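A short worksheet on the structure shown next.
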Amino acid sequence: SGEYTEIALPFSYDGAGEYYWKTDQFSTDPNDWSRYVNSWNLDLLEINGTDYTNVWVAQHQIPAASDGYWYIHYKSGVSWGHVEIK
């Protein structure tokens, strides 16, 4: 998969299939532990070329791209597979 679209927060994705998406609404603040990605059923989740599928990661933890936004990648294998971003 490839060629990202913009998304809006809070975000959620479901159902067997493979994707990219982008955003710039991600908080940068060192206080913002309550804003995160987390996954359990997904075969893959990467953000700017680091894998997090079996864990959680906060938006404030990740540096932006040079053009000023974050890249997110997802893969699902199942009809019950879902994910959530704050």
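Identifiers for the structure tokens are assigned positionally: chains receive A, B, ... in sequence, residues are indexed from 1 per chain, and ligands are indexed from 1 in the order shown.
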
Hey, could you make a per-residue contact list for range 48-76 of chain A against range 8-24 of chain A with 8 Å as the cut-off, showing the nearest pair of atoms and its distance in Å to one decimal, counting only C-alpha atoms, sorted by chain and number, as a tab-separated table?
residue	atom	partner	partner_atom	distance
A:68	CA	A:24	CA	7.0
A:69	CA	A:24	CA	4.6
A:70	CA	A:23	CA	5.4
A:71	CA	A:22	CA	4.7
A:72	CA	A:21	CA	5.3
A:73	CA	A:20	CA	4.5
A:74	CA	A:19	CA	5.2
A:75	CA	A:18	CA	4.3
A:76	CA	A:16	CA	4.5

Please produce a file of those selected residues containing C-alpha atoms, as a PDB file, in the first residue's frame.
ATOM      1  CA  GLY A  68       5.576  19.170   8.695  1.00  0.00           C
ATOM      2  CA  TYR A  69       3.333  16.065   9.234  1.00  0.00           C
ATOM      3  CA  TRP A  70       3.258  12.404  10.477  1.00  0.00           C
ATOM      4  CA  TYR A  71       2.853   9.233   8.308  1.00  0.00           C
ATOM      5  CA  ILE A  72       0.820   6.262   9.706  1.00  0.00           C
ATOM      6  CA  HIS A  73       0.688   2.683   8.262  1.00  0.00           C
ATOM      7  CA  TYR A  74      -1.845  -0.057   9.191  1.00  0.00           C
ATOM      8  CA  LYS A  75      -2.530  -3.719   8.235  1.00  0.00           C
ATOM      9  CA  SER A  76      -5.516  -5.865   9.283  1.00  0.00           C
TER      10      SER A  76
END

| message | Between CA of residue 78 in chain A and CA of residue 35 in chain A, what is the distance in Å, rounded to a tenth? | response | 25.9 Å

| Skipping near chain neighbours, those fewer than 4 positions away, what residues fall within 6 Å of residue 60 in chain A using only C-alpha atoms, listed as a VMD selection string? | chain A and resid 27 to 29

Take the residues from that selection and write them out as a compact mmCIF listing (two decimals), in the first residue's frame, keeping N, CA, C and O atoms.
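out_3.txt was written with the following content:
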# COMPACT_ATOMS: atom_id res chain seq x y z
N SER A 27 -0.58 16.31 18.86
CA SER A 27 0.01 17.17 19.89
C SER A 27 1.52 16.93 20.03
O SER A 27 1.98 15.79 19.93
N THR A 28 2.29 17.99 20.27
CA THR A 28 3.73 17.94 20.56
C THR A 28 4.11 18.04 22.04
O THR A 28 5.27 17.82 22.40
N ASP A 29 3.15 18.33 22.92
CA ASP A 29 3.37 18.73 24.30
C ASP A 29 3.81 17.62 25.27
O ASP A 29 3.15 16.58 25.33

| request: Check the smallest atom-to-atom distance from each of A:67, A:85, A:2, A:80 to residue 41 in chain A using only C-alpha atoms, then report the winner. | output: A:80

List the neighbours of residue 59 in chain A out to 8 Å using only C-alpha atoms; skip same-chain residues closer than 2 positions along the sequence, and give me the result as a PDB file with N, CA, C and O atoms, in the first residue's frame.
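That gives us out-v5.pdb:
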ATOM      1  N   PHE A  26      -1.669  15.988  15.472  1.00  0.00           N
ATOM      2  CA  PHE A  26      -0.832  15.455  16.559  1.00  0.00           C
ATOM      3  C   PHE A  26      -0.281  16.479  17.565  1.00  0.00           C
ATOM      4  O   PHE A  26       0.422  17.413  17.167  1.00  0.00           O
ATOM      5  N   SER A  27      -0.576  16.309  18.857  1.00  0.00           N
ATOM      6  CA  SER A  27       0.012  17.174  19.894  1.00  0.00           C
ATOM      7  C   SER A  27       1.516  16.928  20.025  1.00  0.00           C
ATOM      8  O   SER A  27       1.979  15.790  19.927  1.00  0.00           O
ATOM      9  N   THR A  28       2.286  17.989  20.273  1.00  0.00           N
ATOM     10  CA  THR A  28       3.734  17.938  20.560  1.00  0.00           C
ATOM     11  C   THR A  28       4.114  18.035  22.043  1.00  0.00           C
ATOM     12  O   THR A  28       5.273  17.819  22.398  1.00  0.00           O
ATOM     13  N   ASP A  32       1.103  15.653  27.312  1.00  0.00           N
ATOM     14  CA  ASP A  32       0.051  14.971  26.546  1.00  0.00           C
ATOM     15  C   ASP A  32       0.160  13.434  26.428  1.00  0.00           C
ATOM     16  O   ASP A  32       0.110  12.863  25.338  1.00  0.00           O
ATOM     17  N   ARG A  35      -2.943  11.442  24.823  1.00  0.00           N
ATOM     18  CA  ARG A  35      -3.091  11.399  23.355  1.00  0.00           C
ATOM     19  C   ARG A  35      -2.141  10.358  22.757  1.00  0.00           C
ATOM     20  O   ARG A  35      -0.923  10.536  22.807  1.00  0.00           O
ATOM     21  N   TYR A  36      -2.679   9.265  22.213  1.00  0.00           N
ATOM     22  CA  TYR A  36      -1.888   8.103  21.785  1.00  0.00           C
ATOM     23  C   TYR A  36      -2.514   7.249  20.674  1.00  0.00           C
ATOM     24  O   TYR A  36      -3.735   7.253  20.473  1.00  0.00           O
ATOM     25  N   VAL A  37      -1.674   6.465  19.995  1.00  0.00           N
ATOM     26  CA  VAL A  37      -2.050   5.243  19.264  1.00  0.00           C
ATOM     27  C   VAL A  37      -1.898   4.001  20.150  1.00  0.00           C
ATOM     28  O   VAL A  37      -0.923   3.901  20.896  1.00  0.00           O
ATOM     29  N   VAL A  57       1.905   4.155  21.779  1.00  0.00           N
ATOM     30  CA  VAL A  57       2.820   5.301  21.606  1.00  0.00           C
ATOM     31  C   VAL A  57       2.071   6.635  21.641  1.00  0.00           C
ATOM     32  O   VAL A  57       0.990   6.749  21.062  1.00  0.00           O
ATOM     33  N   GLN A  61       5.468  11.889  21.571  1.00  0.00           N
ATOM     34  CA  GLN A  61       6.735  11.143  21.496  1.00  0.00           C
ATOM     35  C   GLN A  61       7.418  11.215  20.120  1.00  0.00           C
ATOM     36  O   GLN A  61       8.620  10.948  20.037  1.00  0.00           O
ATOM     37  N   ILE A  62       6.697  11.540  19.038  1.00  0.00           N
ATOM     38  CA  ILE A  62       7.182  11.315  17.667  1.00  0.00           C
ATOM     39  C   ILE A  62       7.527  12.641  16.957  1.00  0.00           C
ATOM     40  O   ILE A  62       6.693  13.550  16.934  1.00  0.00           O
TER      41      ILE A  62
END
